[PDB]
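To begin, one chain is listed below as structure tokens, in the form deposited without its partner chain.
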């Protein structure tokens, strides 16, 4: 019923997802500068897979706007394992109820894209590539 608006950010390795301050918010042209704030949550569920379903086993992090998702009531900066906070310069510290979450039966996920100039996290590239 509820899901991230964006595809997963897979972090290939045993390191938390991190972004320098002012970076890490996925691009969404249907959002305003005041909205660019939220959290990434590490997915708990393991990959069951099946025929032709071959996802990388490394931890997946899903972006949720502030005031939405499984940690909707957490204030910005709250310390919780598997939760990392991100905010673009100019974003307002208010719940983004008007964006909300995605219903995976009705809308496809937006491919997660980060803007140029973003410092890419350690583990952004799969093992054996770089």
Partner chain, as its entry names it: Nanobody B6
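Numbering follows the first chain given and starts at 1.
K.L.:
Look up the CA B-factors in the entry and say which stretch, 89-97 or 46-54, has the higher mean.
P.N.:
The deposited B-factors put 46-54 ahead on the C-alpha mean.
K.L.:
Averaged over C-alpha atoms, is the B-factor higher for 12-20 or for 103-111 in this PDB entry?
P.N.:
For C-alpha atoms only, the mean B-factor is higher in 12-20.
K.L.:
Consider only the C-alpha atoms of the modelled residues in this chain, order them by B-factor as the entry records it, and name the third containing residue 26: lowest, middle or highest.
P.N.:
Its C-alpha B-factor, which the entry lists for residue 26, ranks in the lowest third among residues of this chain.
K.L.:
Give the position of residue 78 by CA B-factor within its chain, expressed as the lowest, middle or highest third.
P.N.:
Residue 78: CA B-factor falls in the highest third of its chain.
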